[PDB]
Amino acid sequence: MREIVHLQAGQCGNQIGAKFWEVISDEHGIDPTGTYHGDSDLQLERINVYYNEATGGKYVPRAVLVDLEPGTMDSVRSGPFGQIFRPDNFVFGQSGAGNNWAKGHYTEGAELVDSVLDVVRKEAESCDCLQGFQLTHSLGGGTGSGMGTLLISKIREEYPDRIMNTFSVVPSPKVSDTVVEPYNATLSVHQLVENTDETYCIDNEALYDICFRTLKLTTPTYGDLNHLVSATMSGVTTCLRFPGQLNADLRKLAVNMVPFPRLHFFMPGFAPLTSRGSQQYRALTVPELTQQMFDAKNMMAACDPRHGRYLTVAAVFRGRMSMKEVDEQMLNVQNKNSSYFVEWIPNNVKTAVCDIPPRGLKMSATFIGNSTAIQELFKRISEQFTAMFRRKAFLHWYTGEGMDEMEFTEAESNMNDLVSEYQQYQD
Amino acid sequence: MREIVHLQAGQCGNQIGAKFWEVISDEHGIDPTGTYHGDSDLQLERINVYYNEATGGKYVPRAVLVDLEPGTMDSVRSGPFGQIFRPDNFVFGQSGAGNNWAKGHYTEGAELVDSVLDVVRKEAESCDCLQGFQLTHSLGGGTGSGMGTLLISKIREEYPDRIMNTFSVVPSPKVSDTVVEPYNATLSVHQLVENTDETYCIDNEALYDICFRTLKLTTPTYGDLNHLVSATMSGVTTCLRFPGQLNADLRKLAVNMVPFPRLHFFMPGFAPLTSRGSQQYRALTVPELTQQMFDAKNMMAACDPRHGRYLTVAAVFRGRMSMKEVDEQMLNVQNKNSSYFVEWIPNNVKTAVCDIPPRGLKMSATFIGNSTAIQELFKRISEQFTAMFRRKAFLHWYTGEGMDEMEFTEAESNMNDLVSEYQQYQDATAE
Amino acid sequence: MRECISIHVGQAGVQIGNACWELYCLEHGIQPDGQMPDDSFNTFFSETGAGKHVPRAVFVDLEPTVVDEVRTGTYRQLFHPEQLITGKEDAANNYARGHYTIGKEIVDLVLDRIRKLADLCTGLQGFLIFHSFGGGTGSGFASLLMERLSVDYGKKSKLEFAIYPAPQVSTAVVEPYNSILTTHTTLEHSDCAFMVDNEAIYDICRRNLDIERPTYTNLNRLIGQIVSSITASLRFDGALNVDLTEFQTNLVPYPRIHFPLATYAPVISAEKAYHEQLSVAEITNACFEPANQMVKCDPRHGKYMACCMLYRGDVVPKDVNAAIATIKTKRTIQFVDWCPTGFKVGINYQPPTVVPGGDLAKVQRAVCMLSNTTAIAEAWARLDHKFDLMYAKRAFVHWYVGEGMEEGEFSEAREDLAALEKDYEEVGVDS
Amino acid sequence: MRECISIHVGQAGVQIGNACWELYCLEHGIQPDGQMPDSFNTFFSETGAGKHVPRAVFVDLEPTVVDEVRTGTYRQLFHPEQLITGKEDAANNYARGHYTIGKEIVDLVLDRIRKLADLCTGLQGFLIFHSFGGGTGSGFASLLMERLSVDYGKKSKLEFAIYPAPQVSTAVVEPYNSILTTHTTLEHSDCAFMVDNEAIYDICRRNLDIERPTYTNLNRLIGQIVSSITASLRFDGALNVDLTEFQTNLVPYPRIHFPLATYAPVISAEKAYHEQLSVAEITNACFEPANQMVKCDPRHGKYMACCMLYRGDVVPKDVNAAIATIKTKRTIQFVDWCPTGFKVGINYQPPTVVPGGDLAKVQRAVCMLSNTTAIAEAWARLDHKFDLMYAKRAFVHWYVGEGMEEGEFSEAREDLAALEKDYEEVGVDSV
Amino acid sequence: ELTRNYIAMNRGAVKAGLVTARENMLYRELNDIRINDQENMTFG
Amino acid sequence: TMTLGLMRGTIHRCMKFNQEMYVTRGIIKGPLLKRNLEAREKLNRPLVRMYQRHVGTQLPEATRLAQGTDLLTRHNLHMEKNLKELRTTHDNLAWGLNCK
Amino acid sequence: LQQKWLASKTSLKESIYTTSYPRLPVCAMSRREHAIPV
Ligand SMILES: Nc1nc2c(ncn2[C@@H]2O[C@H](COP(=O)(O)OP(=O)(O)OP(=O)(O)O)[C@@H](O)[C@H]2O)c(=O)[nH]1
Ligand SMILES: Nc1nc2c(ncn2[C@@H]2O[C@H](COP(=O)(O)OP(=O)(O)OP(=O)(O)O)[C@@H](O)[C@H]2O)c(=O)[nH]1
Ligand SMILES: Nc1nc2c(ncn2[C@@H]2O[C@H](COP(=O)(O)OP(=O)(O)O)[C@@H](O)[C@H]2O)c(=O)[nH]1
Ligand SMILES: Nc1nc2c(ncn2[C@@H]2O[C@H](COP(=O)(O)OP(=O)(O)O)[C@@H](O)[C@H]2O)c(=O)[nH]1
Ligand SMILES: [Mg+2]
Ligand SMILES: [Mg+2]
C-alpha cells in the first residue's frame with residue numbers, strides 16, 4: 001500500500017530506533033511478544049505500514065539494524081523490546097570505525113553494504129507499493145556518518161522515485177565529544193545534499209535544554225532524550241497511518257516544503273511538553289499548543305529562528321479538534337510575525353490533520369520548519385573545519401584509507417556553495 | 001504396483017540409507033520394530049512402493065545394503081532403526097577395496113556381484129510392476145564407486161526399461177579426504193554416463209556451507225549433513241505415494257528434464273531451510289518458498305548456475321496451496337532471469353503438486369534443474385586427473401589389478417567429449 | 001429419450017467429472033447414496049428396480065492415484081466399480097506412450113465398458129469427451145479412443161471439451177509436442193471443440209469473483225456450469241429447446257473448422273450481486289468483452305463467423321432480441337461478409353442451481369455463448385512458434401522415437417497446422 | 001515530366017540517402033538488383049538492361065563511408081561514378097572544403113549531375129542533403145551551390161540540412177563552420193529544412209518508446225518526411241501540390257526561406273492499438289511544441305505561413321473541420337498580414353512501413369511545414385556561441401593557415417546580425 | 001581437428017532412430033560430423 | 001547393434017500401416033448396430049427407393065464396397081506376414097549379440 | 001483477523017478432495033419446478 005522500510009545505523013541510530021520502535025509498538029497495541037493487544041479496529045487497519053505479517057498473529061519489523069561494532073547490538077537485543085527485531089535483520093562486522101568517516105565509507109564499508117543492500121532488497125520486493133525509506137544515524141561517528149551515507153549513495157541509484165527522509169543527529173559546537181567530528185560532519189553533509197529528499201536536523205544540545213527548562217527533569221539521561229525524537233518520528237507519519245479531516249503523507253509535505261532541491265534541511269519540534277508538576281493545572285487546547293510551537297525554546301535544533309526568515313512551515317496536528325481555530329492561529333502568527341517570513345511565498349503555513357490522538361494523550365502536534373537560521377549551523381562547522389584543515393591536523397588517519405586530499409577541498413566547496421546561495425534567499 | 005528397490009553401496013551409501021529409511025519410516029508412522037503406529041489412512045495406502053509385507057502386520061523396506069567392509073554393517077545394525085531391515089538383505093565382503101576404484105570394480109567386486117544379484121532379483125520378481133531402482137553412493141569410495149558401477153552396468157542388461165536413479169556424491173576440490181579420488185572420479189563418470197537414467201550430484205562441500213550459513217549449526221555432524229539429502233530423496237517420489245492436485249513420478253520428471261540421453265545431471269535444492277532465530281521471524285508463503293529455491297546459496301551442487309544457463313527446471317511442491325501462486329512465481333523467475341535460461345526451449349519450468357505436507361511441516365518444495373554450469377564440476381576433476389596422470393603416479397596400484405593403461409586415456413577422452421558437448425549447447429543459437 | 005455418455009480421460013477428465021457430477025446430483029436431487037429423497041435425470045442418470053440411479057460416465061486414467069481418491073470419497077457408493085478404469089503405468093507427458101505402447105493394453109477394456117452403457121441407452125444423443133493436451137493419457141490414449149470410437153459408430157456426436165496449453169504459463173515443458181501431434185489426428189474424429197485455458201479462467205476469477213488464491217476446483221466449478229447450460233435444454237422444458245445436433249448445425253460453416261470459443265455470464269460474487277441489478281442487457285454485453293473470454297484470444301483481432309446463444313433462467317422472448325439488436329449495432333464487433341444472420345437463441349426456464357462451497361452467487365438468469373471466430377487462429381500460431389524452435393534442435397524426440405512409433409508423423413503434423421492456420425485466413429478475407 | 005536528382009553531401013547525406021532510396025525502392029517496387037518483377041520516373045531512370053538507375057549522386061571526401069554502399073546489398077543497384085569519393089577530408093575545417101580540398105573534385109561532381117540532367121526532359125528541383133557541422137558537409141556544399149546557382153539560374157534547390165543541436169554536440173568547432181555556412185543557404189537557396197538530432201531524439205524517446213536507437217532510426221523519419229513531400233509527384237491525389245507551389249506558399253520575403261518540418265503521427269504498434277486516430281487527432285499533434293523537430297518554442301512566436309501535407313485515407317471535409325478548429329484557439333498565433341496561412345495537400349497512397357522499421361502502418365498521416373518567428377532565438381544562441389569563442393581568437397590558425405582572410409569571419413557574423421533583426425521586426429505587428 | 005557437431009550429430013541420430021546413449025555414441029564413431037567451417041547479351 | 005537399431009524404424013512403420021487398415025476397414029463396413037447406423041447412410045434411403053420406382057433402376061454401390069475391402073483385407077495378410085518375419089530377424093540378431 | 005490467524009496451526013492433513021466435497025444437506029437439493037410429465 002504505502003510501506004516504510006526503517007533504516008538504522010550507528011550506535012545512536014540503533015538506540016533511537018529501538019526507542020522509535022517502542023512508541024509505535026505501544027500505540028498500535030502490540031505486546032513485546034509480537035501479538036496485538038490493543039482494543040480498537042483502527043489500530044490494526046494499516047499496520048502493514050510499519051509491521052510485516054507473520055504466521056500466528058505475530059508481526060515483525062521492516063527494520064534493518066546495521067553497526068560495524070557488534071557491542072551495541074547486544075543492548076538492543078536485551079532491551080524491553082529486544083524480542084521483536086529479526087536476527088537476520090541484524091547485520092554486523094567485527095571491528096568498529098574508530099570515529100573515522102573514511103574507514104566506514106571506503107575500506108570496511110565495502111564488505112558490509114552488500115549485506116545491507118541484500119536485506120533491504122528483500123524488503124523492497126516484500127511489500128507491494130513502498131512509500132519510501134527512512135534512516136537514523138549520527139554524522140559525528142564513524143559508521144552512521146560513514147557507512148550510513150554510503151547506503152544513501154547506493155539506494156538512491158536503485159530506487160530514484162521513492163522519497164528519502166533522514167532524521168540525522170547533527171553535532172553541537174558548545175558540547176563536543178569528538179575532535180574528528182568536524183571532519184566527518186564535513187564529509188557527510190556533502191553526501192547528504194545531492195541524495196536526500198528531506199533532512200531533519202536533530203541535535204543533542206537543544207534536547208538537553210528542553211528537559212532542563214521545559215520539563216524540569218533533574219537527571220535527563222540519554223533515554224529521555226531518545227523519547228522526544230521517537231515522538232517526532234510518529235508525528236511525521238501520523239496522517240499516512242490513520243484517517244482524519246485533512247490527510248497527508250511524506251510526499252504531500254515534501255513537495256509543499258522544497259521549493260528548490262538544494263534546500264531540504266529542516267527544524268523539527270514537538271508540542272505537548274510541560275513539567276511533571278503541571279499534569280493537572282494546564283489546559284490541553286489548540287491555541288496553547290500553537291503558542292508552544294513558535295517559541296525558540298521548545299526547539300530541538302541548535303539555532304535561534306529569530307535570526308532568520310522561515311521559508312516554509314508545516315504543522316501536523318494529531319487528535320480530534322475543530323478546524324477553525326488552527327487557520328485562525330496559523331494566520332494570526334503569520335500576521336504578527338510578518339517580518340520573520342519571506343515575502344516571496346504567500347500562505348507559508350501548511351496544516352494537516354489526523355483524527356486519532358497518540359496513546360496516553362488527547363491532542364498532539366508536530367512542527368517541521370525550513371528556515372534561514374539553519375544556515376547558522378553550517379557556517380560554523382566550516383569555522384571549525386578550516387581551523388583543522390589549515391594545519392593538516394589529524395589528517396593521516398584519512399590518507400591511510402586511500403582517499404585523496406581533494407575530497408576535503410571539494411567538500412568545503414560544496415557547503416560553501418550551499419550557504420552562499422542560502423544567504424541570497426534571506427536577502 | 002509401482003515399487004522401488006533401494007540400492008545401497010559403500011560406507012557413505014550405507015549411512016545415508018540408514019538415515020533415508022528413517023525419515024520415511026517416521027512419515028508413514030513406522031516404529032523400529034516395523035509395525036504401523038500412525039493415525040491416518042493415507043499414511044498406509046501407498047506404503048507398498050517402499051515396504052514389503054511380512055507376517056503380523058510387519059513392513060520391511062525393499063533395501064539391499066552392500067559394502068566391502070564388514071564393520072559398517074554392525075554399526076548400521078546397532079542403530080535405532082537396526083532390527084527393521086531383514087537380515088539377509090545385507091551383503092558384505094571379507095576384504096575391502098581401500099579407496100581404489102580398480103580393486104572394487106574387477107578384483108574383489110566380481111566375487112560379491114553374484115550374491116547381490118541373487119538378492120536384487122528376488123526383490124525384483126517379488127513385486128508385480130517395478131517403477132525402477134535407486135542407488136546412493138560416493139564417487140570417492142572404493143566399493144560404491146567401484147563395484148557399484150559394476151553393479152549398475154550389469155542390471156541395465158537384465159532390466160532395460162526400468163528407471164535408474166543415483167544420488168551420487170562427487171568429490172570436491174576445496175575439501176577432500178582422499179589423495180586418489182580423481183581416479184575414482186574420472187573412471188566412474190564414463191561408466192555412469194553410459195548406464196544411468198538420471199543423476200543428482202550432491203557434494204558434501206556444498207551442504208557444509210548450507211549448515212554453516214543458513215541453518216547455523218555449531219556442530220553440523222554427518223547426521224545433520226545426511227538429513228538434508230534424505231529430504232531430497234523423499235521429495236522426488238513424494239507425488240508417487242500421496243495424492244496431489246497435479247501429480248508426477250520418477251519417469252515424468254525423467255522424460256521432461258533430459259532432452260538428450262547424455263544430459264542427465266541435475267543440481268537439486270530444498271526450499272524450507274531456516275535457522276532457529278528465523279523460526280520466529282517468518283511468514284511461510286509460496287514466494288518465500290520460491291525466493292530460497294533460486295538463490296545459488298541453496299544448491300547442493302558445487303557449481304554456480306550464474307556462470308551457466310538453466311537448460312530445464314523442474315519443481316515439485318509439497319503441501320496444500322493455491323496453484324495460482326505456484327504458477328505466478330515460476331513465470332516471474334522465467335522473465336526476470338531470462339539471460340539464465342536457454343532460448344531454444346520455451347517454458348523451461350515444470351511443476352507438480354502433492355497435497356500431504358512433510359510431517360511436522362506445512363509448506364515445502366524440491367527442485368530438480370539441469371544446467372550447463374555443472375560443466376564447472378567436471379573440468380575441475382580433469383584439472384587434477386591429468387595433473388596426476390602426467391607423472392604416472394599411483395598407477396602401480398591400478399596396473400597390478402590387471403587393468404590396462406588405455407582405459408585411463410579413453411575415460412578422460414569421453415569426459416572431455418561430454419564437456420565439449422555441453423559447452424557447445426551453451427553457445428548454441430536458437431534461430 | 002435423450003442420453004449423454006461422458007468419456008472423461010486423464011487427471012483433467014477425472015477432476016472435471018468430479019466437479020460436474022457433483023453439480024448434477026444436486027440438480028436432480030440424488031443423495032450421495034444414489035436415491036431421490038419427472039424423468040429429467042435419464043439423460044445423465046440411469047434406473048434400477050430399486051430406484052437407484054447410476055451415472056452414465058466412464059472415468060479412465062492410466063495412473064491410479066487420481067481415481068483412488070474417488071473410490072474412497074463421499075460418492076463412493078454412487079458409481080459402479082466397473083465404470084472407473086485404471087492402468088498400472090501412465091504416459092507422463094508423452095503422447096507416444098499413451099498411444100502406441102500403453103494404450104492398446106487398455107483400449108479393449110474401456111471400449112467394451114463403453115458398449116454396455118450405450119447398450120443401456122436406446123436413443124443416444126451425443127458422446128461428451130473431456131480431456132487435456134498437456135498430459136499423456138489425455139492426449140495419447142484419448143486420440144486412440146476417438147479413432148476407434150468413430151469406427152464403432154460412424155454418426156454419433158463426439159463433443160470435445162479440452163484443456164489447452166496456456167500462452168504464457170505452463171505445467172509442462174514438452175507440452176507442445178503432445179498438442180500438435182493430437183489435433184492432427186482428432187481433426188478427423190471430432191465434431192466440436194471447447195478449448196479453454198486455465199490462464200484465462202485465472203484472469204476471470206480473480207478479477208470478477210474476488211478470490212485472490214483459487215484452487216483447481218474453483219476452475220472446475222465454472223466448467224460444470226458450462227456443460228450444464230449446454231445440455232439444460234435436453235433436460236428441462238423451455239420455450240426454444242436446442243439439441244446437440246441443433247447447435248452443431250448453426251456453429252460450423254465448414255467441416256474443416258470446428259473450434260468454437262465458449263463464454264459465460266454473469267460470474268459475480270454475492271457481495272457484488274447484492275448491489276448490482278442484473279438484466280438481460282447487462283449479462284449479454286459481458287459475454288462480448290475480451291476480459292471474459294476463456295481463451296487468450298481477442299475477438300477484436302478476428303471476425304465472428306457464427307454465434308450460438310443460450311439463455312437460461314428468468315428470461316423473456318421480448319428482451320432477447322433487443323439485446324441482440326444493440327449488439328449488432330456496434331462496429332467494434334465484426335462479422336464476415338457471408339454471415340448477415342449469425343445467431344441462434346435458446347431459451348430455458350430453469351435457473352441454474354448453486355453449490356454451497358462454490359463461488360458463484362444465486363442469480364435468476366444467465367447466458368452461455370459459443371462464438372466460432374477466426375480470432376482463435378492466432379492461438380495456433382503461437383504454438384507453431386514454440387514447436388518449430390524446439391523441433392529445429394530435435395529435443396525430447398528421442399523419448400518419442402525410443403518409446404516406439406515413427407519420426408515421420410512429427411513432420412506431417414506440423415504442416416497440417418500450417419494448412420489449418422492458412423484455412424482460417426480464407427475465411428478471414430472478404431470478397 | 002517530373003524528375004528529381006539528389007546530391008548527398010558528406011557523411012550526413014549518404015546515410016540519409018541509404019534510408020531514403022531503400023524506402024524509395026520499396027515505395028515503387030524495385031528489387032535490389034534494379035528490376036521490377038510511370039511513377040518511378042521522378043526518382044529512377046530506365047536503362048539499357050531494363051534496369052532503373054536512381055537519380056542520385058554521393059559526394060564524400062573519405063573512402064570508408066561510401067565504400068559500405070558499394071559493398072552493401074544495394075551495390076548492384078547503383079552506378080559507380082554516382083558514388084563520388086575523395087581521398088582526404090576537410091576534417092571539420094570549412095576552409096579546407098571551400099578553398100583547398102574541394103577544388104580538386106569540384107568539376108568531377110558537376111560532370112556527373114549534368115549527365116543525369118541531360119537524361120531528364122523537364123526538371124523541377126534539386127533535393128540535396130548536408131549538415132552545418134562537418135567540413136565536407138558545409139564547405140564543399142557551400143561552393144557547389146555558388147557554381148550551381150550560375151549553372152541553373154531558374155531551377156529549385158531544396159535544402160534538407162542538420163542544425164547543430166543546442167545542447168548535445170559531437171564536435172567543438174561546429175559553430176565556426178555554421179556561421180560560415182549560412183551565407184550559402186541565404187543567397188544561393190530557395191528553401192531550407194534545418195533540424196537538430198536532439199528533438200528527433202526526444203520524439204523517439206517520448207512517443208516511439210525506443211530508449212536505445214541509432215542514427216538509422218532518426219534517418220528513417222527523415223526519409224518519411226521527404227516521402228511526404230514528393231508523394232504528390234509520384235502518385236495521384238485529390239489536391240496535388242508541386243514543389244514550386246510549396247515554395248510559393250511558404251516564403252514571405254527573399255531572405256526568409258527557413259521552413260520547419262513536423263510529422264504526425266509517429267506512433268509504435270503497441271500505442272497504436274488502444275488509440276483510434278482521426279483527422280482532428282492528427283492535426284493537433286503537429287501543433288504540440290513537444291513534437292517539433294527543432295528545439296524552438298512556437299508559442300514564443302507567431303506563424304507567418306503553414307503548409308499542410310495530408311496523406312492516406314483523408315477527406316477534404318474533415319480537413320476544414322480540422323482547419324477551422326485550429327483557428328479557434330488563442331494558443332496558436334498568426335501574423336496580422338496573414339488572414340489565411342495554409343496550403344492543404346491531399347494524397348491517396350498511405351505512407352509505407354519498412355520491415356525492421358519503427359513506425360506502425362497507419363492509414364492516415366500528415367506532414368507539416370510552418371514558417372514562424374520562433375526559429376529566431378535559435379540563431380541568437382548560435383551567435384553567442386560563436387561570439388564567446390571569436391574574441392579570444394580560438395581555433396583561428398587552422399582556417400587562416402588554409403587561406404581565408406580573417407575578415408570573412410566578421411563579415412559572416414554581421415549577416416546573422418542582419419538576419420536575426422529582420423525576424424524580430426517582421427514579428428512586430430504594425431497595428 | 002575442428003571439434004564435433006554435438007547438435008547436428010544428435011539430430012541425425014534421432015532421424016535414424018537411435019535412442020540409447022550407447023547407440024548414440026556408436027553412431028558418433030560411425031558418422032562423426034565436425035565443423036570444418038571453423039577455418040553475352042547486347043541490350044542498350 | 002546398427003542393423004538392430006536401423007530396424008526399429010522398419011518395424012514400427014508396419015503396425016500403424018497395418019493399424020490404419022484396421023480402422024479403414026470398419027468405416028467401409030460401417031457400424032456394428034444398424035440402429036446406430038440408421039440414417040442417410042444406408043442402402044435403403046428414401047432417396048434410393050424413390051429412384052427404385054422406375055424399372056431397371058438399382059445400385060452398383062453395394063459391390064464397390066466389396067472391392068474396397070477386397071484389397072484392404074488382402075493387403076493386411078501380406079502385411080501381417082512381412083511383420084511376423086521381421087520380428088524373427090530382430091530376436092535372432094538380439095540373441096547373437098549376446099553371444100558376441 | 002482473530003479467526004484468520006487462529007485457523008492456521010491445525011493438524012489439517014487431508015486431501016483437498018475430501019476437504020472440498022462433503023455430504024450436502026437434503027434441504028439444499030433442487031426442487032425441479034419445471035419438468036415435462038404430468
Ligand atoms: N482446468 C483444469 N486443468 C487440469 C485439471 N487437472 C489437470 N489439468 C491439466 O492437465 C495437465 C496435465 O495432464 P493431466 O490431466 O494432469 O495428466 P494426464 O492427462 O493423466 O496425462 P499424464 O500426466 O501423462 O498421466 C496440466 O497441465 C493441467 O493444466 C483440472 O482439474 N482443471
Ligand atoms: N541525422 C544525421 N546526422 C548526421 C549523419 N551523419 C553525419 N551527421 C551529422 O554531420 C555532422 C558532421 O558531418 P558529417 O556528415 O559526419 O561528415 P561530413 O559532412 O563529411 O564533414 P567532415 O566530417 O568534415 O568530412 C555531425 O555533427 C552529425 O550530426 C547521419 O547519418 N544522420
Ligand atoms: N541523540 C543521541 N545521541 C547519541 C546516543 N548515543 C550516542 N549518541 C551520540 O553519538 C555520538 C557517537 O556516535 P558513534 O557511535 O561513534 O556513531 P557511529 O560511529 O556511526 O557508530 C556521540 O557524540 C554521542 O553524543 C543517543 O542515545 N541519542
Ligand atoms: N554426504 C555424506 N558423505 C559421506 C558420508 N559418509 C561418507 N561420506 C563420504 O564418502 C567418502 C568415503 O566413502 P567410502 O567409505 O570410501 O565409500 P566405499 O569405498 O564405497 O565404502 C568420504 O569422502 C566421505 O566424505 C555421509 O554420511 N554423508
Ligand atoms: Mg497425468
Ligand atoms: Mg565527415
# chains A, B, ... in the order shown; residues from 1 in each chain; ligands from 1
>>> interface_residues(of="chain B", to="chain G", cutoff="8 Å", atoms="only C-alpha atoms", output="ChimeraX atom specification")
/B:243-245,320,355-357
>>> write_last_selection(atoms="N, CA, C and O atoms", output="CSV table (one decimal), in the first residue's frame")
chain,number,residue,atom,x,y,z
B,243,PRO,N,-1.7,-38.6,-2.8
B,243,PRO,CA,-2.5,-37.9,-3.9
B,243,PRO,C,-2.1,-36.4,-3.9
B,243,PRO,O,-1.8,-35.8,-2.9
B,244,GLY,N,-2.3,-35.8,-5.1
B,244,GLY,CA,-2.0,-34.4,-5.3
B,244,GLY,C,-3.0,-33.8,-6.3
B,244,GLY,O,-3.8,-34.5,-6.9
B,245,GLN,N,-2.9,-32.5,-6.4
B,245,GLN,CA,-3.7,-31.8,-7.4
B,245,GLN,C,-3.2,-32.1,-8.8
B,245,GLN,O,-3.9,-32.3,-9.8
B,320,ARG,N,-0.6,-28.1,0.7
B,320,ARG,CA,-1.8,-27.7,0.2
B,320,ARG,C,-1.7,-26.2,-0.1
B,320,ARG,O,-1.8,-25.4,0.8
B,355,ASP,N,-0.4,-32.9,-2.1
B,355,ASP,CA,-1.2,-32.3,-1.0
B,355,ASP,C,-0.6,-32.5,0.4
B,355,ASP,O,-0.7,-31.6,1.2
B,356,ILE,N,-0.2,-33.7,0.7
B,356,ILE,CA,0.2,-34.1,2.0
B,356,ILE,C,1.5,-33.4,2.4
B,356,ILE,O,2.6,-33.6,1.7
B,357,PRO,N,1.6,-32.5,3.3
B,357,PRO,CA,2.8,-31.8,3.7
B,357,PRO,C,3.8,-32.7,4.4
B,357,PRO,O,3.4,-33.8,4.9
>>> residues_around(residues="residue G:33", least_positions_apart="6", cutoff="12 Å", atoms="only C-alpha atoms", output="list in words")
residues 27, 28, 38, 40, 236, 237, 349, 350 and 351 of chain C
>>> residues_near_ligand(ligand="ligand 2", cutoff="7 Å", atoms="only C-alpha atoms and all ligand atoms", output="ChimeraX atom specification")
/D:9-13,15-16,60-61,89-93,130-138,162,164,169-171,197,215,218-219
>>> residues_near_ligand(ligand="ligand 1", cutoff="8 Å", atoms="only C-alpha atoms and all ligand atoms", output="PyMOL selection string")
(chain B and resi 245-248+252) or (chain C and resi 9-16+61-63+90-95+98+131-139+163-165+170-172+196-198+216-217+219-220)
>>> select_by_dssp(residues="stretch 106-257 of chain D", states="strand (DSSP E)", output="PyMOL selection string")
chain D and resi 123-131+156-162
>>> write_last_selection(atoms="N, CA, C and O atoms", output="PDB file, in the first residue's frame")
ATOM      1  N   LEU D 123      12.928  19.540 -65.586  1.00  0.00           N
ATOM      2  CA  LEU D 123      13.416  19.479 -64.217  1.00  0.00           C
ATOM      3  C   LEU D 123      12.670  20.467 -63.330  1.00  0.00           C
ATOM      4  O   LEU D 123      12.309  21.559 -63.772  1.00  0.00           O
ATOM      5  N   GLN D 124      12.385  20.054 -62.091  1.00  0.00           N
ATOM      6  CA  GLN D 124      11.706  20.939 -61.150  1.00  0.00           C
ATOM      7  C   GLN D 124      12.608  21.410 -60.011  1.00  0.00           C
ATOM      8  O   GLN D 124      12.520  22.573 -59.606  1.00  0.00           O
ATOM      9  N   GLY D 125      13.480  20.551 -59.487  1.00  0.00           N
ATOM     10  CA  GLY D 125      14.272  20.943 -58.334  1.00  0.00           C
ATOM     11  C   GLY D 125      15.296  19.894 -57.962  1.00  0.00           C
ATOM     12  O   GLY D 125      15.165  18.712 -58.297  1.00  0.00           O
ATOM     13  N   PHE D 126      16.318  20.349 -57.241  1.00  0.00           N
ATOM     14  CA  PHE D 126      17.392  19.501 -56.737  1.00  0.00           C
ATOM     15  C   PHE D 126      17.207  19.341 -55.236  1.00  0.00           C
ATOM     16  O   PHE D 126      17.216  20.334 -54.502  1.00  0.00           O
ATOM     17  N   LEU D 127      17.055  18.104 -54.779  1.00  0.00           N
ATOM     18  CA  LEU D 127      16.935  17.817 -53.353  1.00  0.00           C
ATOM     19  C   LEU D 127      18.295  17.346 -52.842  1.00  0.00           C
ATOM     20  O   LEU D 127      18.767  16.265 -53.200  1.00  0.00           O
ATOM     21  N   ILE D 128      18.930  18.178 -52.020  1.00  0.00           N
ATOM     22  CA  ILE D 128      20.294  17.967 -51.557  1.00  0.00           C
ATOM     23  C   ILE D 128      20.285  17.947 -50.034  1.00  0.00           C
ATOM     24  O   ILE D 128      19.479  18.624 -49.389  1.00  0.00           O
ATOM     25  N   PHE D 129      21.170  17.138 -49.462  1.00  0.00           N
ATOM     26  CA  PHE D 129      21.214  16.874 -48.032  1.00  0.00           C
ATOM     27  C   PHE D 129      22.625  17.101 -47.518  1.00  0.00           C
ATOM     28  O   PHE D 129      23.601  16.699 -48.160  1.00  0.00           O
ATOM     29  N   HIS D 130      22.724  17.742 -46.365  1.00  0.00           N
ATOM     30  CA  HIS D 130      24.005  18.118 -45.775  1.00  0.00           C
ATOM     31  C   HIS D 130      23.751  18.499 -44.323  1.00  0.00           C
ATOM     32  O   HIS D 130      22.628  18.378 -43.818  1.00  0.00           O
ATOM     33  N   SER D 131      24.797  18.976 -43.654  1.00  0.00           N
ATOM     34  CA  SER D 131      24.722  19.417 -42.271  1.00  0.00           C
ATOM     35  C   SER D 131      25.464  20.739 -42.144  1.00  0.00           C
ATOM     36  O   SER D 131      26.121  21.198 -43.081  1.00  0.00           O
ATOM     37  N   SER D 156      15.030  24.989 -58.942  1.00  0.00           N
ATOM     38  CA  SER D 156      14.873  24.996 -57.498  1.00  0.00           C
ATOM     39  C   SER D 156      15.904  24.088 -56.841  1.00  0.00           C
ATOM     40  O   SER D 156      16.345  23.091 -57.417  1.00  0.00           O
ATOM     41  N   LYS D 157      16.319  24.467 -55.635  1.00  0.00           N
ATOM     42  CA  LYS D 157      17.282  23.683 -54.862  1.00  0.00           C
ATOM     43  C   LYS D 157      16.812  23.691 -53.412  1.00  0.00           C
ATOM     44  O   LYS D 157      17.056  24.656 -52.682  1.00  0.00           O
ATOM     45  N   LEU D 158      16.140  22.621 -53.002  1.00  0.00           N
ATOM     46  CA  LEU D 158      15.766  22.482 -51.606  1.00  0.00           C
ATOM     47  C   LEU D 158      17.008  22.256 -50.751  1.00  0.00           C
ATOM     48  O   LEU D 158      18.055  21.827 -51.236  1.00  0.00           O
ATOM     49  N   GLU D 159      16.881  22.557 -49.461  1.00  0.00           N
ATOM     50  CA  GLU D 159      17.980  22.414 -48.507  1.00  0.00           C
ATOM     51  C   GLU D 159      17.514  21.605 -47.305  1.00  0.00           C
ATOM     52  O   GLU D 159      17.044  22.172 -46.315  1.00  0.00           O
ATOM     53  N   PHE D 160      17.665  20.290 -47.365  1.00  0.00           N
ATOM     54  CA  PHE D 160      17.482  19.480 -46.174  1.00  0.00           C
ATOM     55  C   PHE D 160      18.800  19.480 -45.415  1.00  0.00           C
ATOM     56  O   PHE D 160      19.828  19.043 -45.941  1.00  0.00           O
ATOM     57  N   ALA D 161      18.772  19.997 -44.192  1.00  0.00           N
ATOM     58  CA  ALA D 161      20.003  20.334 -43.501  1.00  0.00           C
ATOM     59  C   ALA D 161      19.873  19.985 -42.031  1.00  0.00           C
ATOM     60  O   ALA D 161      18.780  20.014 -41.467  1.00  0.00           O
ATOM     61  N   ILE D 162      21.003  19.664 -41.416  1.00  0.00           N
ATOM     62  CA  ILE D 162      21.046  19.361 -39.993  1.00  0.00           C
ATOM     63  C   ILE D 162      21.567  20.595 -39.270  1.00  0.00           C
ATOM     64  O   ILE D 162      22.618  21.140 -39.627  1.00  0.00           O
TER      65      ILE D 162
END
>>> select_by_dssp(residues="stretch 49-245 of chain C", states="alpha helix (DSSP H)", output="PyMOL selection string")
chain C and resi 68-71+95-96+103-120+136+142-152+175-186+198-208+216-235+244-245
>>> interface_residues(of="chain C", to="chain B", cutoff="8 Å", atoms="only C-alpha atoms", output="PyMOL selection string")
chain C and resi 11+65-66+69+88-89+92-94+168-174+202+213-216+386+389-390+393+395-399
>>> residues_near_ligand(ligand="ligand 4", cutoff="9 Å", atoms="only C-alpha atoms and all ligand atoms", output="ChimeraX atom specification")
/B:9-17,19,66-69,72,96-101,104,137-148,169-172,175-178,181,202-205,207,221-223,225-226,229
